[PDB]
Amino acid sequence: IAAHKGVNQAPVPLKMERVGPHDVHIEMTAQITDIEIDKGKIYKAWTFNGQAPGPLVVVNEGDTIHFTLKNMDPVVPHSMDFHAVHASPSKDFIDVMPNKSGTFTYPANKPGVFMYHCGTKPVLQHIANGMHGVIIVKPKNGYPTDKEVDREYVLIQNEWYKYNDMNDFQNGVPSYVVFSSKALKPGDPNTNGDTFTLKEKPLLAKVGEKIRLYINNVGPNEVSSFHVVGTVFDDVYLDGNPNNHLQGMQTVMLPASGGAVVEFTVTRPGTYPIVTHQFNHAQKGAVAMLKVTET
């Protein structure tokens, strides 16, 4: 895109604030940002806030979101679709023009680990170019296993294709499949979907801990066979809804846009790979590491 040549918009922090017991303001950008998706490979991503996947959003069950999108893209319209919410797509997930802002309000009444993404046609193009993310809605009554959890992280799986190539997006295999982590607490890593960062800078944990991962596979196109090497999931909640409770899974199948909360124990010191078990995708980037130490 001629108006994107040379564009590299610095990442802008997510802006959130609570404005009532059940009401939260969120402000995001749509912006054009170079991201190194594999060593030596820059993708001029279409993004929320200069991250791909975008920044993590966390709300409480029952919160109404008053969402603003500020479109920094000089030429392409963008929009926002939160899978968490009940909304009229043709009124509430509509386009914001270049250099404009739009505000939309809708309720998050369901707990879970939801995808968000740009909803502008062609949606495949906007997703594939980077405009995806996760919103977590915390359940009012928690999860039954909350008390057993020692540590938690968020992981997101995505694919990358040939740059802005719709033929490839629709017909081709992914060039890369990747994990990213988005921070829940200070100190947590916050990374973009790339083939290497979570190998070089593993997630951390201690021996004996029960680890919770909030996970979502945002696609655009593939399903995920999510697995932690050297463990078994003690408990899984599909889509992060507490009622959708499975036990003792080795591998959790996630549809495109599918989420889960998974929990597992790391019993020994060492480094534990985290994969999609579709190993063509793992080979093409989708392996993260978890480094478990006596500390």
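In case it trips you up, residue 1 is the first one in the sequence shown, and so on.
Checklist entry - Looking at the deposited entry, does 77-85 or 141-149 carry the larger mean Cα B-factor? => result Mean CA B-factor is higher for 141-149.
Checklist entry - For the C-alpha atoms alone, is the average B factor greater in 93-101 or in 106-114, going by the entry? => result Looking at the recorded C-alpha B-factors, 93-101 comes out higher on average.
Item to check | Candidate set 249, 45, 261, 26 [ranked by C-alpha B-factor, highest] | outcome: Among 249, 45, 261, 26, the PDB entry lists the largest C-alpha B-factor for 26.
Checklist entry - Looking at 266, 35, 65, 253, which has the highest CA B-factor as recorded? => result Across 266, 35, 65, 253, the entry lists the biggest C-alpha B-factor for 266.
Item to check | CA B-factor placement of residue 39, once the chain's modelled residues are sorted into thirds | outcome: Residue 39: CA B-factor falls in the highest third of its chain.
Next on the checklist: Test of reading the entry: by CA B factor among the chain's modelled residues, which third contains residue 257?
Outcome noted: It belongs to the lowest third of the chain when residues are ordered by C-alpha B-factor.
Checklist entry - Hey, what third does residue 167 fall into on Cα B-factor, ranked over its chain? => result For residue 167, whose C-alpha B-factor we compare with every modelled residue in the chain, the answer is the middle third.
Next on the checklist: For the chain shown, is the CA B-factor of residue 203 in the lowest, middle or highest third of its modelled residues?
Outcome noted: Its C-alpha B-factor belongs to the highest third of this chain's values.
Item to check | Where the record places residue 1 (Cα B-factor, split into thirds across the chain) | outcome: Its C-alpha B-factor belongs to the highest third of this chain's values.
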